[PDB]
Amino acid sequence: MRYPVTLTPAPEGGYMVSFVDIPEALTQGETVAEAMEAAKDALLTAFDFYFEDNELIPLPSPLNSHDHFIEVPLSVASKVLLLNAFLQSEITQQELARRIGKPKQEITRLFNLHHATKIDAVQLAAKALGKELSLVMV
């Protein structure tokens, strides 16, 4: 859900931004507010790299009392959970497409964060992999 971000003071001023669970997400900001804003772009585009290399996305560490974090939207979170389950299911994209009865070009559209997908379509893909996706609130 929420990825902790470590902010390091910069010797030339401002802050350098880094995530403990995602080494590829690096950026910086003038101020904590700006650094946090940039931190959300760094995390999501670092996710883009995992999606093309079909490598598992690390899950967030537990959050301490005084730590900043980035909460990924539900749309991103659902695709992240789907990608990890799909990579561990050991089936291909062609096979998954067959199971949902849809052409291969929306499997490509499914495992891409820049393409909008309806949450119900993500739910059906999880079901085809033997997984149930559900909601919790507070």
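Sequential numbering from 1, following the sequence displayed.
- As listed in the deposited structure, the average C-alpha B-factor of 57-65 and of 39-47 is greater for 57-65.
- On average the C-alpha atoms of 97-105 have higher B-factors than those of the other stretch, with 84-92 and 97-105 being the two compared.
- Of the residues listed, 10, 121, 129, 22, the entry assigns the biggest Cα temperature factor to 10.
- The deposited CA B-factor of residue 33 belongs to the middle third of values across its chain.
- When all modelled residues of the chain are sorted by CA temperature factor, residue 1 is found within the highest third.
- Ranked by C-alpha B-factor against the other modelled residues of its chain, residue 17 falls in the middle third.
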